[PDB]
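J.: Could you have a look at this structure, given as structure tokens, before my questions?
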Amino acid sequence: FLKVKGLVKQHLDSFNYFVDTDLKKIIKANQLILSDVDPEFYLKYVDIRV
Amino acid sequence: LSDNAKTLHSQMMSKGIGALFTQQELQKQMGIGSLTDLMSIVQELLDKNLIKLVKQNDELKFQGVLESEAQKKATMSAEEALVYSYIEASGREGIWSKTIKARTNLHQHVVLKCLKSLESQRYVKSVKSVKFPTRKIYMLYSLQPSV
Amino acid sequence: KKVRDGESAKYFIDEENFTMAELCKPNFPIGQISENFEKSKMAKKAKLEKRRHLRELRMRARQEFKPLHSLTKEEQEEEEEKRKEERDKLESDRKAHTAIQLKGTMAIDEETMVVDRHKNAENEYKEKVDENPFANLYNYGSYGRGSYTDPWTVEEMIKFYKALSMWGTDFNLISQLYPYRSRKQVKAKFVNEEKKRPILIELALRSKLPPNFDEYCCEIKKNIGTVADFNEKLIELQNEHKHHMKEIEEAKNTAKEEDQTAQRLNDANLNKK
């Protein structure tokens, strides 16, 4: 068990799951940046990685 | 426009003092469904808009001016004739800048460019009050109320 | 051949390559490269196709004798390409108008205004039309103002000497006489032709030819009416008189509205007591 997973994995596994799933997932909830003046301009996030 | 003769029918029914009875007669002349469809088209051709009340539908208001033209003062944008129609029906004194900020939830510099582009052809002829709480100005014509 | 480190520090490097001498400064492929193949290869290609694009624009501008209208013809052609893309990728014109009746409907058609809550709700429109690939290009060094010119036509020079023999230093008329050039570049042409030649210019100022073929070219190539000073002066006087009559009618209507408002205020004061 210590060889496969290890003792200290309360931070490593959680941060790896963060940078693998959540850092790519929560940007899809905020991608549309439409403005008041000139109603044509936008950005759109399709990918994000560290 | 030039859809059919119903523009002339709208002029003849909007010549005098009109009410809901004029629309009763206009729906009374021909068959009802084609009249409702073509009248919806004519109201989509920059004409009088209906009024929601206890009664069914009213005109706005009594005259046949029909001057917005939607594309031609200096440039082409479908935002300016909207704001001109907002300041057509201001009422007795006028309309605030904060009131037109509150409606349509737009920016304030588009209101400033509306101010400039409509002041370029004299429709922002304002009447000034004695006090200035929130700039109760920018009525249509004639500097009429004076508080 | 390919990218391989042939040799260096001894002689002309030749292990696997096509070089046979030193001083490779001219084209500057020598040893081998392994960095930025396609993104740096497809940059001079993009620059070259944009330069050929501007050259074929300069060639098309000779036919239509209106510069900025040729630019609007170019953007009309590219928006014809845009409506072709509207045919390709995709009613479709879901937009608004100058009035509130926007859609479908102006309101409900059953009994009364039913869709007024939906008609009263701009930024939802058709935009997924123009898709183009990306790059990492640049426009630095100096960008902004400039002058895109060419080696000038000798027939244009003969026409210029005939014009200056016929209708002289008349900068606006000379800019209109060549209606696909511009103003500052023909001013540089004025000082350039003022530099090198005294003889034909002195004979040109000696000539004093009357301007009829110049007006002939300016009325054919531009299709302008050129109404005379009496007709244009009468039209300007009629426009000024119509504006003065409209201003006087607006002042009289404002005075009548103020008198009606004063009468209504007196009637309200009489009805208040």
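The chains in the structure tokens are called A, B, ... from first to last as shown; in each chain the residues are counted from 1, and the ligands are counted from 1 in the order shown.
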DSSP says alpha helix (DSSP H) for which residues of chain B? Put them as a PyMOL selection string?
T.: chain B and resi 6-13+20-29+32-43+80-88+97-102+109-119
J.: Determine which residues of chain B sit within 12 Å of chain C, taking into account only C-alpha atoms, and present them as JSON, numbers by chain.
T.: {"B": [32, 33, 34, 35, 36, 37, 38, 39, 40, 41, 42, 43, 44, 45, 46, 47, 48, 49, 50, 51, 52, 53, 54, 55, 56, 57, 58, 66, 67, 68, 69, 70, 71, 72, 76, 77, 78, 79, 80, 81, 82, 83, 84, 85, 86, 92, 103, 104, 105, 106, 122, 125, 140, 141, 142, 143, 144, 145, 146, 147]}
J.: Please produce a file of the residues just selected, as a PDB file, in the first residue's frame, where the atoms kept are C-alpha atoms.
T.:
ATOM      1  CA  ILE B  32     -60.635  38.726 -39.452  1.00  0.00           C
ATOM      2  CA  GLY B  33     -57.521  36.538 -39.676  1.00  0.00           C
ATOM      3  CA  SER B  34     -55.890  38.115 -42.734  1.00  0.00           C
ATOM      4  CA  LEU B  35     -56.631  41.541 -41.226  1.00  0.00           C
ATOM      5  CA  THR B  36     -54.901  40.558 -37.967  1.00  0.00           C
ATOM      6  CA  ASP B  37     -51.889  39.158 -39.849  1.00  0.00           C
ATOM      7  CA  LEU B  38     -51.478  42.165 -42.154  1.00  0.00           C
ATOM      8  CA  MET B  39     -52.107  44.584 -39.270  1.00  0.00           C
ATOM      9  CA  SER B  40     -49.348  42.858 -37.292  1.00  0.00           C
ATOM     10  CA  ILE B  41     -47.113  43.330 -40.352  1.00  0.00           C
ATOM     11  CA  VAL B  42     -48.098  47.028 -40.625  1.00  0.00           C
ATOM     12  CA  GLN B  43     -47.341  47.496 -36.915  1.00  0.00           C
ATOM     13  CA  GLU B  44     -43.987  45.825 -37.633  1.00  0.00           C
ATOM     14  CA  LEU B  45     -43.523  48.466 -40.378  1.00  0.00           C
ATOM     15  CA  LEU B  46     -42.874  51.276 -37.821  1.00  0.00           C
ATOM     16  CA  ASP B  47     -46.455  52.251 -36.971  1.00  0.00           C
ATOM     17  CA  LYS B  48     -48.669  52.582 -33.898  1.00  0.00           C
ATOM     18  CA  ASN B  49     -48.128  50.088 -31.078  1.00  0.00           C
ATOM     19  CA  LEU B  50     -50.974  48.562 -29.090  1.00  0.00           C
ATOM     20  CA  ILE B  51     -51.738  49.355 -25.445  1.00  0.00           C
ATOM     21  CA  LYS B  52     -52.453  46.779 -22.728  1.00  0.00           C
ATOM     22  CA  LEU B  53     -55.332  47.994 -20.544  1.00  0.00           C
ATOM     23  CA  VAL B  54     -58.662  46.832 -19.152  1.00  0.00           C
ATOM     24  CA  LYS B  55     -59.829  47.403 -22.720  1.00  0.00           C
ATOM     25  CA  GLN B  56     -58.346  45.306 -25.530  1.00  0.00           C
ATOM     26  CA  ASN B  57     -56.103  47.498 -27.714  1.00  0.00           C
ATOM     27  CA  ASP B  58     -55.535  51.241 -28.160  1.00  0.00           C
ATOM     28  CA  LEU B  66     -44.562  58.271 -39.061  1.00  0.00           C
ATOM     29  CA  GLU B  67     -41.039  59.719 -38.821  1.00  0.00           C
ATOM     30  CA  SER B  68     -38.335  57.390 -37.616  1.00  0.00           C
ATOM     31  CA  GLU B  69     -36.902  55.972 -40.920  1.00  0.00           C
ATOM     32  CA  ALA B  70     -34.637  53.573 -38.951  1.00  0.00           C
ATOM     33  CA  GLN B  71     -31.455  53.989 -41.042  1.00  0.00           C
ATOM     34  CA  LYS B  72     -30.820  57.621 -42.056  1.00  0.00           C
ATOM     35  CA  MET B  76     -26.796  53.178 -39.699  1.00  0.00           C
ATOM     36  CA  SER B  77     -27.482  51.629 -36.289  1.00  0.00           C
ATOM     37  CA  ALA B  78     -30.644  50.074 -34.841  1.00  0.00           C
ATOM     38  CA  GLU B  79     -30.195  51.706 -31.432  1.00  0.00           C
ATOM     39  CA  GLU B  80     -30.693  55.408 -32.150  1.00  0.00           C
ATOM     40  CA  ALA B  81     -34.296  55.395 -33.396  1.00  0.00           C
ATOM     41  CA  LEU B  82     -35.097  53.274 -30.331  1.00  0.00           C
ATOM     42  CA  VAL B  83     -33.797  56.025 -27.997  1.00  0.00           C
ATOM     43  CA  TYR B  84     -35.653  58.640 -30.069  1.00  0.00           C
ATOM     44  CA  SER B  85     -38.846  56.620 -29.555  1.00  0.00           C
ATOM     45  CA  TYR B  86     -38.030  56.479 -25.828  1.00  0.00           C
ATOM     46  CA  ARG B  92     -45.108  66.462 -19.404  1.00  0.00           C
ATOM     47  CA  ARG B 103     -34.394  51.048 -18.773  1.00  0.00           C
ATOM     48  CA  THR B 104     -32.732  48.895 -21.495  1.00  0.00           C
ATOM     49  CA  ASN B 105     -29.751  48.251 -19.076  1.00  0.00           C
ATOM     50  CA  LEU B 106     -27.241  49.787 -21.508  1.00  0.00           C
ATOM     51  CA  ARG B 122     -32.210  69.018 -33.445  1.00  0.00           C
ATOM     52  CA  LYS B 125     -34.162  70.510 -27.689  1.00  0.00           C
ATOM     53  CA  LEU B 140     -38.938  66.924 -27.605  1.00  0.00           C
ATOM     54  CA  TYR B 141     -39.942  70.477 -28.553  1.00  0.00           C
ATOM     55  CA  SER B 142     -41.017  74.025 -27.682  1.00  0.00           C
ATOM     56  CA  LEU B 143     -39.664  74.186 -24.038  1.00  0.00           C
ATOM     57  CA  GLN B 144     -43.281  73.703 -22.953  1.00  0.00           C
ATOM     58  CA  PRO B 145     -43.742  72.854 -19.193  1.00  0.00           C
ATOM     59  CA  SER B 146     -41.386  75.147 -17.159  1.00  0.00           C
ATOM     60  CA  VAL B 147     -42.205  73.191 -13.963  1.00  0.00           C
TER      61      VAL B 147
END
J.: Can you write out as a tab-separated table which residues of segment 42-138 of chain B fall within 6 Å of segment 12-20 of chain B, alongside each residue's closest atom pair and its distance in Å to one decimal, counting only C-alpha atoms and ordering rows by chain and ascending residue number?
T.:
residue	atom	partner	partner_atom	distance
B:58	CA	B:20	CA	5.5
B:62	CA	B:17	CA	5.8
B:63	CA	B:14	CA	5.9
B:64	CA	B:14	CA	6.0
J.: Within 12 Å of chain C, which residues of chain A show up when using only C-alpha atoms, listed as a list in words?
T.: residues 34, 35, 36, 37, 38, 39, 40, 41 and 42 of chain A
J.: Got time to write the residues from that selection, N, CA and C atoms, as a PDB file, in the first residue's frame?
T.:
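This went into out.pdb:
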ATOM      1  N   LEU A  34     -18.966  39.019 -22.932  1.00  0.00           N
ATOM      2  CA  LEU A  34     -19.671  39.998 -23.763  1.00  0.00           C
ATOM      3  C   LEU A  34     -19.810  41.358 -23.085  1.00  0.00           C
ATOM      4  N   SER A  35     -19.660  42.413 -23.879  1.00  0.00           N
ATOM      5  CA  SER A  35     -19.570  43.778 -23.388  1.00  0.00           C
ATOM      6  C   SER A  35     -20.847  44.548 -23.696  1.00  0.00           C
ATOM      7  N   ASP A  36     -20.972  45.709 -23.051  1.00  0.00           N
ATOM      8  CA  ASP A  36     -22.121  46.580 -23.277  1.00  0.00           C
ATOM      9  C   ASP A  36     -21.995  47.317 -24.605  1.00  0.00           C
ATOM     10  N   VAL A  37     -20.940  48.110 -24.755  1.00  0.00           N
ATOM     11  CA  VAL A  37     -20.686  48.829 -25.997  1.00  0.00           C
ATOM     12  C   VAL A  37     -20.178  47.849 -27.048  1.00  0.00           C
ATOM     13  N   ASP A  38     -20.526  48.118 -28.323  1.00  0.00           N
ATOM     14  CA  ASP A  38     -20.177  47.336 -29.511  1.00  0.00           C
ATOM     15  C   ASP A  38     -20.571  45.871 -29.341  1.00  0.00           C
ATOM     16  N   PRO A  39     -21.864  45.520 -29.447  1.00  0.00           N
ATOM     17  CA  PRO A  39     -22.287  44.141 -29.154  1.00  0.00           C
ATOM     18  C   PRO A  39     -21.869  43.114 -30.201  1.00  0.00           C
ATOM     19  N   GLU A  40     -20.560  42.972 -30.409  1.00  0.00           N
ATOM     20  CA  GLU A  40     -19.993  41.962 -31.291  1.00  0.00           C
ATOM     21  C   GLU A  40     -18.807  41.229 -30.685  1.00  0.00           C
ATOM     22  N   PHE A  41     -18.148  41.800 -29.683  1.00  0.00           N
ATOM     23  CA  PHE A  41     -16.874  41.297 -29.191  1.00  0.00           C
ATOM     24  C   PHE A  41     -17.068  40.208 -28.143  1.00  0.00           C
ATOM     25  N   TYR A  42     -16.267  39.144 -28.248  1.00  0.00           N
ATOM     26  CA  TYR A  42     -16.279  38.069 -27.261  1.00  0.00           C
ATOM     27  C   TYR A  42     -14.973  37.288 -27.336  1.00  0.00           C
TER      28      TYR A  42
END
